[PDB]
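For reference, query_13.pdb (PDB, C-alpha atoms):
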```pdb
ATOM      1  CA  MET A   1      -5.897 -15.544  -1.830  1.00  0.00           C
ATOM      2  CA  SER A   2      -2.795 -13.575  -0.910  1.00  0.00           C
ATOM      3  CA  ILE A   3      -3.759  -9.990  -0.127  1.00  0.00           C
ATOM      4  CA  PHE A   4      -0.124  -8.868   0.075  1.00  0.00           C
ATOM      5  CA  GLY A   5       0.010  -9.794  -3.597  1.00  0.00           C
ATOM      6  CA  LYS A   6      -3.425  -8.316  -4.251  1.00  0.00           C
ATOM      7  CA  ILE A   7      -2.669  -4.833  -2.934  1.00  0.00           C
ATOM      8  CA  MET A   8       0.740  -4.665  -4.634  1.00  0.00           C
ATOM      9  CA  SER A   9      -0.951  -4.992  -8.020  1.00  0.00           C
ATOM     10  CA  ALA A  10      -2.054  -1.384  -7.560  1.00  0.00           C
ATOM     11  CA  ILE A  11       0.987  -0.070  -5.688  1.00  0.00           C
ATOM     12  CA  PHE A  12       3.394  -1.394  -8.312  1.00  0.00           C
ATOM     13  CA  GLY A  13       0.878  -0.599 -11.028  1.00  0.00           C
ATOM     14  CA  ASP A  14       1.243   3.164 -11.398  1.00  0.00           C
ATOM     15  CA  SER A  15       0.786   3.851 -15.088  1.00  0.00           C
ATOM     16  CA  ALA A  16      -1.488   6.882 -14.836  1.00  0.00           C
ATOM     17  CA  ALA A  17       1.625   9.070 -15.054  1.00  0.00           C
ATOM     18  CA  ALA A  18       1.141  10.070 -11.431  1.00  0.00           C
ATOM     19  CA  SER A  19       4.112   8.681  -9.499  1.00  0.00           C
ATOM     20  CA  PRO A  20       5.972  10.670  -6.781  1.00  0.00           C
ATOM     21  CA  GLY A  21       5.918  14.183  -8.206  1.00  0.00           C
ATOM     22  CA  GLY A  22       4.995  13.261 -11.756  1.00  0.00           C
ATOM     23  CA  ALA A  23       1.470  14.657 -11.879  1.00  0.00           C
ATOM     24  CA  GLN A  24       1.220  17.878 -13.870  1.00  0.00           C
ATOM     25  CA  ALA A  25      -1.404  20.602 -14.160  1.00  0.00           C
ATOM     26  CA  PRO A  26      -3.559  20.881 -17.331  1.00  0.00           C
ATOM     27  CA  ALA A  27      -3.282  23.985 -19.509  1.00  0.00           C
ATOM     28  CA  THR A  28      -5.400  25.608 -22.210  1.00  0.00           C
ATOM     29  CA  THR A  29      -4.295  25.192 -25.818  1.00  0.00           C
ATOM     30  CA  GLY A  30      -5.013  26.824 -29.178  1.00  0.00           C
ATOM     31  CA  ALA A  31      -2.319  29.376 -29.871  1.00  0.00           C
ATOM     32  CA  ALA A  32      -0.302  27.683 -27.143  1.00  0.00           C
ATOM     33  CA  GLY A  33       2.190  25.623 -29.099  1.00  0.00           C
ATOM     34  CA  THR A  34       5.322  27.243 -27.739  1.00  0.00           C
ATOM     35  CA  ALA A  35       6.952  24.514 -25.646  1.00  0.00           C
ATOM     36  CA  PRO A  36       9.702  21.886 -26.162  1.00  0.00           C
ATOM     37  CA  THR A  37       8.597  18.338 -26.894  1.00  0.00           C
ATOM     38  CA  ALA A  38      11.293  15.938 -25.735  1.00  0.00           C
ATOM     39  CA  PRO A  39       9.597  13.391 -23.452  1.00  0.00           C
ATOM     40  CA  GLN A  40      12.308  11.246 -21.939  1.00  0.00           C
ATOM     41  CA  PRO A  41      10.791   8.329 -19.968  1.00  0.00           C
ATOM     42  CA  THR A  42      11.022   8.432 -16.195  1.00  0.00           C
ATOM     43  CA  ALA A  43      12.404   5.150 -14.907  1.00  0.00           C
ATOM     44  CA  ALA A  44      11.719   3.971 -11.378  1.00  0.00           C
ATOM     45  CA  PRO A  45      13.816   1.164  -9.882  1.00  0.00           C
ATOM     46  CA  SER A  46      12.480   2.351  -6.557  1.00  0.00           C
ATOM     47  CA  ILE A  47       8.752   2.341  -5.912  1.00  0.00           C
ATOM     48  CA  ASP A  48       7.963   5.091  -3.435  1.00  0.00           C
ATOM     49  CA  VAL A  49       4.922   3.702  -1.666  1.00  0.00           C
ATOM     50  CA  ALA A  50       4.357   6.864   0.389  1.00  0.00           C
ATOM     51  CA  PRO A  51       2.790   9.024  -2.433  1.00  0.00           C
ATOM     52  CA  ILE A  52       0.795   5.951  -3.382  1.00  0.00           C
ATOM     53  CA  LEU A  53      -0.917   4.914  -0.153  1.00  0.00           C
ATOM     54  CA  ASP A  54      -1.245   8.425   1.314  1.00  0.00           C
ATOM     55  CA  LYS A  55      -3.293   9.289  -1.750  1.00  0.00           C
ATOM     56  CA  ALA A  56      -5.074   5.945  -2.086  1.00  0.00           C
ATOM     57  CA  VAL A  57      -6.216   6.218   1.530  1.00  0.00           C
ATOM     58  CA  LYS A  58      -8.077   9.477   0.932  1.00  0.00           C
ATOM     59  CA  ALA A  59      -9.234   8.140  -2.417  1.00  0.00           C
ATOM     60  CA  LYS A  60     -10.957   5.372  -0.472  1.00  0.00           C
ATOM     61  CA  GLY A  61     -12.884   8.017   1.428  1.00  0.00           C
ATOM     62  CA  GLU A  62     -11.881   7.951   5.078  1.00  0.00           C
ATOM     63  CA  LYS A  63      -8.594   9.036   6.630  1.00  0.00           C
ATOM     64  CA  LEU A  64      -6.543   6.015   7.651  1.00  0.00           C
ATOM     65  CA  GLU A  65      -3.081   5.247   9.021  1.00  0.00           C
ATOM     66  CA  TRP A  66      -1.291   2.779   6.759  1.00  0.00           C
ATOM     67  CA  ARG A  67       1.917   3.733   8.541  1.00  0.00           C
ATOM     68  CA  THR A  68       0.948   1.621  11.556  1.00  0.00           C
ATOM     69  CA  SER A  69      -2.323  -0.150  10.797  1.00  0.00           C
ATOM     70  CA  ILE A  70      -2.299  -3.106   8.430  1.00  0.00           C
ATOM     71  CA  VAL A  71      -6.086  -3.145   8.049  1.00  0.00           C
ATOM     72  CA  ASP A  72      -6.028   0.491   6.941  1.00  0.00           C
ATOM     73  CA  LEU A  73      -3.767   0.030   3.924  1.00  0.00           C
ATOM     74  CA  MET A  74      -5.675  -3.132   3.047  1.00  0.00           C
ATOM     75  CA  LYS A  75      -9.055  -1.409   3.013  1.00  0.00           C
ATOM     76  CA  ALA A  76      -7.427   1.529   1.167  1.00  0.00           C
ATOM     77  CA  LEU A  77      -6.677  -0.570  -1.938  1.00  0.00           C
ATOM     78  CA  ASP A  78     -10.268  -1.661  -1.334  1.00  0.00           C
ATOM     79  CA  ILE A  79     -10.129  -5.076   0.208  1.00  0.00           C
ATOM     80  CA  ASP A  80     -13.087  -6.749   1.948  1.00  0.00           C
ATOM     81  CA  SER A  81     -11.378  -6.578   5.353  1.00  0.00           C
ATOM     82  CA  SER A  82     -14.143  -8.955   6.439  1.00  0.00           C
ATOM     83  CA  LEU A  83     -13.725 -12.535   7.680  1.00  0.00           C
ATOM     84  CA  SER A  84     -12.594 -14.197   4.445  1.00  0.00           C
ATOM     85  CA  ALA A  85     -10.073 -11.459   3.670  1.00  0.00           C
ATOM     86  CA  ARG A  86      -8.475 -11.346   7.120  1.00  0.00           C
ATOM     87  CA  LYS A  87      -8.391 -15.140   7.088  1.00  0.00           C
ATOM     88  CA  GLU A  88      -6.612 -15.611   3.760  1.00  0.00           C
ATOM     89  CA  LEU A  89      -4.019 -12.863   4.267  1.00  0.00           C
ATOM     90  CA  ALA A  90      -3.151 -14.144   7.724  1.00  0.00           C
ATOM     91  CA  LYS A  91      -3.004 -17.840   6.813  1.00  0.00           C
ATOM     92  CA  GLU A  92      -0.740 -17.152   3.828  1.00  0.00           C
ATOM     93  CA  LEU A  93       1.683 -15.530   6.270  1.00  0.00           C
ATOM     94  CA  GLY A  94       1.285 -18.170   8.968  1.00  0.00           C
ATOM     95  CA  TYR A  95      -1.845 -17.147  10.891  1.00  0.00           C
ATOM     96  CA  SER A  96      -1.868 -16.344  14.597  1.00  0.00           C
ATOM     97  CA  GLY A  97      -5.208 -16.367  16.383  1.00  0.00           C
ATOM     98  CA  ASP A  98      -4.900 -17.793  19.873  1.00  0.00           C
ATOM     99  CA  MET A  99      -5.042 -15.187  22.643  1.00  0.00           C
ATOM    100  CA  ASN A 100      -3.462 -12.410  20.592  1.00  0.00           C
ATOM    101  CA  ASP A 101      -6.885 -11.201  19.405  1.00  0.00           C
ATOM    102  CA  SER A 102      -6.932  -8.196  17.051  1.00  0.00           C
ATOM    103  CA  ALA A 103      -4.508  -6.395  19.382  1.00  0.00           C
ATOM    104  CA  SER A 104      -1.372  -8.271  18.371  1.00  0.00           C
ATOM    105  CA  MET A 105      -3.029  -9.172  15.059  1.00  0.00           C
ATOM    106  CA  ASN A 106      -2.657  -5.620  13.716  1.00  0.00           C
ATOM    107  CA  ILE A 107       0.993  -5.574  14.780  1.00  0.00           C
ATOM    108  CA  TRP A 108       2.248  -8.972  13.617  1.00  0.00           C
ATOM    109  CA  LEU A 109       0.285  -8.896  10.363  1.00  0.00           C
ATOM    110  CA  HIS A 110       1.527  -5.392   9.503  1.00  0.00           C
ATOM    111  CA  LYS A 111       5.106  -6.630   9.922  1.00  0.00           C
ATOM    112  CA  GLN A 112       4.817  -9.749   7.764  1.00  0.00           C
ATOM    113  CA  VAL A 113       2.794  -8.102   4.976  1.00  0.00           C
ATOM    114  CA  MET A 114       5.422  -5.373   4.560  1.00  0.00           C
ATOM    115  CA  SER A 115       8.170  -7.979   4.295  1.00  0.00           C
ATOM    116  CA  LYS A 116       6.327  -9.456   1.301  1.00  0.00           C
ATOM    117  CA  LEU A 117       5.353  -6.054  -0.087  1.00  0.00           C
ATOM    118  CA  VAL A 118       8.176  -3.518  -0.024  1.00  0.00           C
ATOM    119  CA  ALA A 119      10.702  -6.269  -0.715  1.00  0.00           C
ATOM    120  CA  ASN A 120       9.585  -6.117  -4.359  1.00  0.00           C
ATOM    121  CA  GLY A 121      11.294  -2.744  -4.711  1.00  0.00           C
ATOM    122  CA  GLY A 122       8.943  -0.770  -2.508  1.00  0.00           C
ATOM    123  CA  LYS A 123      10.399   2.322  -0.897  1.00  0.00           C
ATOM    124  CA  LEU A 124       9.013   3.418   2.451  1.00  0.00           C
ATOM    125  CA  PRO A 125       9.179   6.718   4.364  1.00  0.00           C
ATOM    126  CA  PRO A 126      11.881   6.834   7.106  1.00  0.00           C
ATOM    127  CA  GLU A 127       9.492   5.890   9.926  1.00  0.00           C
ATOM    128  CA  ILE A 128       8.061   2.773   8.302  1.00  0.00           C
ATOM    129  CA  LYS A 129      10.479  -0.018   9.134  1.00  0.00           C
ATOM    130  CA  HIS A 130       9.075  -3.226  10.635  1.00  0.00           C
TER     131      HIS A 130
END
```
Representation of the structure as structure tokens:
Amino acid sequence: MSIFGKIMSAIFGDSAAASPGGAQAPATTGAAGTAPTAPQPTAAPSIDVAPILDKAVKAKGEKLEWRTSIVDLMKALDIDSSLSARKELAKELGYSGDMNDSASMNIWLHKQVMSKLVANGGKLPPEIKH
């Protein structure tokens, strides 16, 4: 499969009314009816991936660094990260497994995946750029 297209189905799939700064705090009701009700939809031509992955990472359970590590953001959306997963994602991008080992694998893969990911309207924090 194509994991860059598998992870984006969650990143570009925010419909829980969370978004960057959209989550509100619940309040008690009853006599509380005093409040305006004019819900104008919040459009988003830009998909801020930062308040998506930063939260998804700690939702996964362990603290990761999606900012640099490609395997971290992958596992965060809950991908196998095992042999089959690392094989499909890499081979869809071109695959490089000669002497580079996992060392250059984290680097190169992180670059290519982002080019297929944030190109769909994804907005990244100012330090995530190739």
TODO: Tell me, as a PyMOL selection string, which residues lie within 10 Å of residue A:127, counting all atoms listed in the file; anything in the same chain fewer than 3 positions away does not count.
DONE: chain A and resi 67-68+124+130
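Here atom CA of residue A:13 stands at a distance of 10.1 Å from atom CA of residue A:52.
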Would you mind listing what lies within 9 Å of residue A:106 as a PDB file with C-alpha atoms, keeping the file's coordinate frame, with only C-alpha atoms counted and same-chain residues fewer than 4 positions away left out?
```pdb
ATOM      1  CA  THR A  68       0.948   1.621  11.556  1.00  0.00           C
ATOM      2  CA  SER A  69      -2.323  -0.150  10.797  1.00  0.00           C
ATOM      3  CA  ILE A  70      -2.299  -3.106   8.430  1.00  0.00           C
ATOM      4  CA  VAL A  71      -6.086  -3.145   8.049  1.00  0.00           C
ATOM      5  CA  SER A 102      -6.932  -8.196  17.051  1.00  0.00           C
ATOM      6  CA  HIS A 110       1.527  -5.392   9.503  1.00  0.00           C
ATOM      7  CA  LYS A 111       5.106  -6.630   9.922  1.00  0.00           C
TER       8      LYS A 111
END
```
Considering all atoms listed in the file, return as a PDB file with C-alpha atoms, in the frame of the given file whatever protein or nucleic-acid residues lie within 9 Å of residue A:20, sequence-local ones (same chain, fewer than 6 positions apart) excluded.
```pdb
ATOM      1  CA  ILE A  47       8.752   2.341  -5.912  1.00  0.00           C
ATOM      2  CA  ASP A  48       7.963   5.091  -3.435  1.00  0.00           C
ATOM      3  CA  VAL A  49       4.922   3.702  -1.666  1.00  0.00           C
ATOM      4  CA  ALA A  50       4.357   6.864   0.389  1.00  0.00           C
ATOM      5  CA  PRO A  51       2.790   9.024  -2.433  1.00  0.00           C
ATOM      6  CA  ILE A  52       0.795   5.951  -3.382  1.00  0.00           C
TER       7      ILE A  52
END
```
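Proximity to residue A:3 was assessed for A:28, A:35, A:42, A:81 counting all atoms listed in the file; the smallest distance is recorded for A:81.
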- [ ] Evaluate the PyMOL selection byres ((chain A and resi 86) around 10) on the structure here and hand back the selected residues as a list in words.
- [x]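 What the PyMOL selection byres ((chain A and resi 86) around 10) grabs from the file is residues 3, 71, 74, 79, 80, 81, 82, 83, 84, 85, 87, 88, 89, 90, 91, 95, 105 and 109 of chain A.
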Open item on the list: Please compute the atom CA of residue A:76-atom CA of residue A:100 distance, one decimal, in Å.
Closed with: 24.2 Å
- [ ] Can you pull out every residue within 12 Å of residue A:78, counting only C-alpha atoms, but drop anything in the same chain fewer than 4 positions away, and send it as a VMD selection string?
- [x] chain A and resid 3 6 to 10 53 56 to 62 71 to 74 82 85
Return stretch 20-33 of chain A, completed with N, CA, C and O atoms, as a CSV table (one decimal), in the coordinates of the input.
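Printed below is part39.csv as written:
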```csv
chain,number,residue,atom,x,y,z
A,20,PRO,N,5.5,9.6,-7.7
A,20,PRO,CA,6.0,10.7,-6.8
A,20,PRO,C,6.4,11.9,-7.6
A,20,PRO,O,7.5,11.9,-8.1
A,21,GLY,N,5.6,12.9,-7.6
A,21,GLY,CA,5.9,14.2,-8.2
A,21,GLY,C,6.0,14.1,-9.7
A,21,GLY,O,6.8,14.8,-10.4
A,22,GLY,N,5.1,13.4,-10.3
A,22,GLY,CA,5.0,13.3,-11.8
A,22,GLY,C,3.7,13.9,-12.3
A,22,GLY,O,3.7,14.2,-13.5
A,23,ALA,N,2.7,14.1,-11.5
A,23,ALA,CA,1.5,14.7,-11.9
A,23,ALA,C,1.6,16.1,-12.2
A,23,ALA,O,2.2,16.9,-11.5
A,24,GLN,N,1.1,16.5,-13.4
A,24,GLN,CA,1.2,17.9,-13.9
A,24,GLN,C,-0.1,18.6,-13.9
A,24,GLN,O,-1.2,17.9,-13.6
A,25,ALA,N,-0.2,19.9,-14.1
A,25,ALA,CA,-1.4,20.6,-14.2
A,25,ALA,C,-1.8,20.9,-15.6
A,25,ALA,O,-1.0,21.4,-16.4
A,26,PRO,N,-3.1,20.6,-16.0
A,26,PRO,CA,-3.6,20.9,-17.3
A,26,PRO,C,-3.5,22.4,-17.7
A,26,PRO,O,-3.6,23.2,-16.9
A,27,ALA,N,-3.3,22.6,-19.0
A,27,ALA,CA,-3.3,24.0,-19.5
A,27,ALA,C,-4.1,24.1,-20.8
A,27,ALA,O,-4.3,23.1,-21.5
A,28,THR,N,-4.6,25.3,-21.0
A,28,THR,CA,-5.4,25.6,-22.2
A,28,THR,C,-4.5,25.6,-23.4
A,28,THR,O,-3.3,26.0,-23.4
A,29,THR,N,-5.1,25.2,-24.6
A,29,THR,CA,-4.3,25.2,-25.8
A,29,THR,C,-4.9,26.1,-26.9
A,29,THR,O,-5.8,27.0,-26.5
A,30,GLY,N,-4.5,26.0,-28.1
A,30,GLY,CA,-5.0,26.8,-29.2
A,30,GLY,C,-3.9,27.5,-29.9
A,30,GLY,O,-3.3,27.0,-30.8
A,31,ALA,N,-3.5,28.7,-29.4
A,31,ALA,CA,-2.3,29.4,-29.9
A,31,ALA,C,-1.1,28.9,-29.1
A,31,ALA,O,0.0,29.1,-29.5
A,32,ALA,N,-1.4,28.2,-28.0
A,32,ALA,CA,-0.3,27.7,-27.1
A,32,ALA,C,0.4,26.5,-27.8
A,32,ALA,O,-0.1,25.3,-27.6
A,33,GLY,N,1.4,26.7,-28.5
A,33,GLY,CA,2.2,25.6,-29.1
A,33,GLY,C,3.7,25.8,-28.8
A,33,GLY,O,4.5,25.0,-29.2
```
